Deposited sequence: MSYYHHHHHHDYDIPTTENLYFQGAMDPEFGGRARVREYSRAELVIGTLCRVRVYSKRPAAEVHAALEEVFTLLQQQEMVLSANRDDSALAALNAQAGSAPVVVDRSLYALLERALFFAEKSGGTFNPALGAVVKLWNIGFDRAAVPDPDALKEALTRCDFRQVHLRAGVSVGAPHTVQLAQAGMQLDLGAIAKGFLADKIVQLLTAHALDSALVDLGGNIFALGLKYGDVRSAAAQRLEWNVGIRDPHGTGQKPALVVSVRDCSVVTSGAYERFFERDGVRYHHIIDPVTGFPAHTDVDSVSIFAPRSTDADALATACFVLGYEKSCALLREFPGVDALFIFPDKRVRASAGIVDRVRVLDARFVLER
């Protein structure tokens, strides 16, 4: 049985999604798995998207202030994890920030102060009965509050894809959802090697990190922004100010066995800045982190620093 390499990519969930697979299984089996990957992404766009009017999330937001809404167990589990990170991050990750995000999607100061009164994630009530077949429900108790899962959905979907690939007996893959990476297993050279994941120059890869069975997710200011009167406004909001976060790092990359967790923590850490991020990350010892600073210094945690290679010599890896 010969090793074959396959890839497939499509525009879906608002970005370019690519999956690369190495396998000795029959090609028809790999093709079927990749078909199901991209069917899954299409279906989940219709569940999770905060920027379509016809998604399940949009339907849920339309019921803010009203009765509990039945959701499927997958969406419930994502919300559960999002609220966990909201609590652990001290609200710097906030999945109930849609009222503010939608205004930035420069907004007026009062209009903005008003939106900030409708972002209390502690008013998202998840309830699920314990008896057989009991429904999962979500209630948004604060009128006008709006969920936005943009800071965790790609991580969640990368995890779901890894689960699907493994269900199809695939153990070597590179999942790339708009730069939200999961490195499954080892790649092939007959040698088996770690996947080499590049991290971009925030102002541009600058660095490459060798990983196995690991998600690599980066949050940064220069991923998405607009400019007005000489000021840049990026897409990661500080929930305290309602404005794009002022932070001492240009990007944070999180390395975690679950992409859901890497994505949420990457956003939280960006808002928190370097010193508070290191404190938070002590609570997640199975996670590693790499920080790129505006002066092009790079700091990486002990679990990954020996796997980091600088490709752009303007950057310096502190050891």
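Student: What are the unmodelled segments when the structure is compared with the full deposited sequence, in sequence order?
Tutor: Several stretches lack coordinates - namely 1-33, 139-145, 230-235, 251-254, in sequence order.
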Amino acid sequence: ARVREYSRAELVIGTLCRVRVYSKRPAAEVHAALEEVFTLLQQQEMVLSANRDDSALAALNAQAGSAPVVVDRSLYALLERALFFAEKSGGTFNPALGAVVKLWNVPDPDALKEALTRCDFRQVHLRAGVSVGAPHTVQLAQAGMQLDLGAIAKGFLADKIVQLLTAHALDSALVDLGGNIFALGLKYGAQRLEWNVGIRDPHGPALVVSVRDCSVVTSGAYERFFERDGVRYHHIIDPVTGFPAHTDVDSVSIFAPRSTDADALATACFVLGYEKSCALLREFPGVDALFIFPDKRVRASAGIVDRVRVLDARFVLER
From here on, numbers count along this sequence of modelled residues.
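Student: Mean C-alpha B-factor higher for 284-292, or for 257-265?
Tutor: The stretch with the larger average C-alpha B-factor is 284-292.
Student: Using only the Cα atoms and their B-factors as the entry lists them, report which of 149-157 and 112-120 averages higher.
Tutor: Higher mean C-alpha B-factor in the PDB entry: 112-120.
Student: Out of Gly185, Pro107, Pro239, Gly179, which residue has the highest Cα temperature factor in the PDB record?
Tutor: The record points to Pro107.
Student: Which listed residue, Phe226, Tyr76, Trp195, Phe93, has the largest C-alpha temperature factor in the record?
Tutor: Highest C-alpha B-factor among the listed residues goes to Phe226.
Student: Please say which third, lowest, middle or highest, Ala1 falls into when its CA temperature factor is compared across its chain.
Tutor: Its C-alpha B-factor belongs to the highest third of this chain's values.
Student: Going by the entry, which third of its chain does the Cα temperature factor of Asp213 land in?
Tutor: Bottom third by C-alpha B-factor.
Student: Hey, what third does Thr166 fall into on Cα B-factor, ranked over its chain?
Tutor: As the PDB entry reports it, the C-alpha B-factor of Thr166 lands in the lowest third of its chain.
Student: Consider only the C-alpha atoms of the modelled residues in this chain, order them by B-factor as the entry records it, and name the third containing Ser66: lowest, middle or highest.
Tutor: Its C-alpha B-factor, which the entry lists for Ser66, ranks in the highest third among residues of this chain.
Student: Using only modelled residues of the chain, where does the Cα B factor of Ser277 rank: lowest third, middle third or highest third?
Tutor: Its C-alpha B-factor belongs to the middle third of this chain's values.
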